[PDB]
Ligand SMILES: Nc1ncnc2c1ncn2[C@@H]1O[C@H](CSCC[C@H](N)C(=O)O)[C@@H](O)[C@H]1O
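Just the one chain here, laid out as structure tokens, in the form solved without this ligand.
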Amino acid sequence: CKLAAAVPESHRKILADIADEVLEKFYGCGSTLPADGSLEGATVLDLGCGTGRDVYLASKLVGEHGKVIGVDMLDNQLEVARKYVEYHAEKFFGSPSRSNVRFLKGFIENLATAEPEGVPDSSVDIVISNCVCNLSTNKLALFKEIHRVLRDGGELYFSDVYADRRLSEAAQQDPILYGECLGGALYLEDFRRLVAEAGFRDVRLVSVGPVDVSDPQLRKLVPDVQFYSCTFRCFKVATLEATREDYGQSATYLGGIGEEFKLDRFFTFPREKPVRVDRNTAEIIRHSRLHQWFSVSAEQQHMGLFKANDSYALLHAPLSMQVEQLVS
């Protein structure tokens, strides 16, 4: 894209250490990552890993007890990725033998058939990806395969392009819109239903930017469409509901991975201050790796829909309204 955020400062130093060939030949924008602290020990899977820029960056961040996997179908890019494993094993962990990464060859719509080896069920803590869905050959299958490899408490933490309305047939056939990742973009409500059908019942908005289509020829195919670049997190947690219910709970961020913990655009947790939370958010904290840095109170009796948030109306509103209101 031309939609890549600044590189986080905490990442600059690690990027200064990654093999220049991996950087020079890397296709696309950086897969955005959850707060660095939260990655310690995680198993992370990068969908469309290319030359491994983000796989190698996460290798350092997850530490020798964590694991990174990259999957791609581009022979050429994987060849580069595969030959720099030892390089980075010593760069990060003082010995060519001590790599915590591997690179697999496969369509991202089927992680089980990848080579050398497939990704087993319930094996991954964080799946990351940037701008891979709209060129995807089947989005439902891709979301299903994601849910499959995620462990309980795991998450999809990813960035993609979405639209605020359903693109016409003509727009979805156009080759230049398609290769720009616009033509295959989902209307956001349609995205929410599709991901729910794959198993992810609660889509959390992390950040959103505008995407412009200024070329008057293309614009004509999508006259009044607003596109967005959205980062979302979708947790795999067995007890989540479709709605955000109040069970009287509080969560308290204990510290240790930053001054504060920003879970999504609705919930910010300052160090050692209790914040009132709906039960889906409690359950996300309790069942995910985030449990390690939090204290979460017990569920009381149901109190109705969650309203203890200064943006509760937007919290319950369709995703479309959350995105459009939070760009502005």
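Here the rigid core means the biggest group of C-alpha atoms that line up within 1.5 Å when the two forms are laid on top of each other. In this text, residue numbers run from 1 along the sequence as written.
Another form exists, deposited with this ligand bound; not displayed. Remarks below refer to it.
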Next item on the list: Identify the site as open or blocked, taking the pose of this ligand in the bound PDB entry and overlaying it via the site C-alphas; a blocked site has 3 or more ligand atoms within 2.4 Å of a backbone or C-beta atom of the shown form.
Entry: blocked
Notebook entry, point to check: Which one, 252-260, 148-156, 82-90, 106-114, holds residues whose non-hydrogen atoms are within 4.5 Å of this ligand in the bound PDB entry?
Noted result: 106-114
Note to self: Using a 4.5 Å heavy atom cut-off, which residue among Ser31, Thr281, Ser59, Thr51 comes into contact with this ligand in the bound PDB entry?
What the structure shows: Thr51
Notebook entry, point to check: Of these, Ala196, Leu221, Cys131, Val206, which has a heavy atom no more than 4.5 Å from this ligand in the bound PDB entry?
Noted result: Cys131
Notebook entry, point to check: Given that the partner is absent here, does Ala242 sit within 4.5 Å of this ligand in the bound PDB entry, heavy atoms only?
Noted result: no
Notebook entry, point to check: Might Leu140 be said to contact this ligand in the bound PDB entry, defining contact as any heavy atom within 4.5 Å?
Noted result: no
Next item on the list: Although this ligand is absent from this view, report whether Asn100 comes within 4.5 Å of it in the bound PDB entry, heavy atoms only.
Entry: no
Next item on the list: Decide whether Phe26 counts as a contact residue for this ligand in the bound PDB entry under a heavy atom distance cut-off of 4.5 Å.
Entry: yes
Check: Once you align the rigid core, which of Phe227, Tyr157, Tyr253, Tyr84 turns out to move its Cα at least 2 Å between this form and the one not shown?
Finding: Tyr84
Check: After a core superposition, would you say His316 shifts its C-alpha by at least 2 Å between this form and the one not shown?
Finding: no
Checklist line | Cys29 C-alpha shift between this form and the one not shown of 2 Å or more, rigid core reference | finding: yes
Notebook entry, point to check: Does superposing the core leave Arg166 with a CA shift of 2 Å or more between this form and the one not shown?
Noted result: no
Notebook entry, point to check: Looking in the bound PDB entry, are the Cα atoms of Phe26 and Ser207 closer together or farther apart than here, the change being 3 Å or more?
Noted result: closer
Next item on the list: Specify closer or farther for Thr113 and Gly30: how their Cα atoms are spaced in the bound PDB entry versus the shown form, given a shift of 3 angstroms or more.
Entry: farther
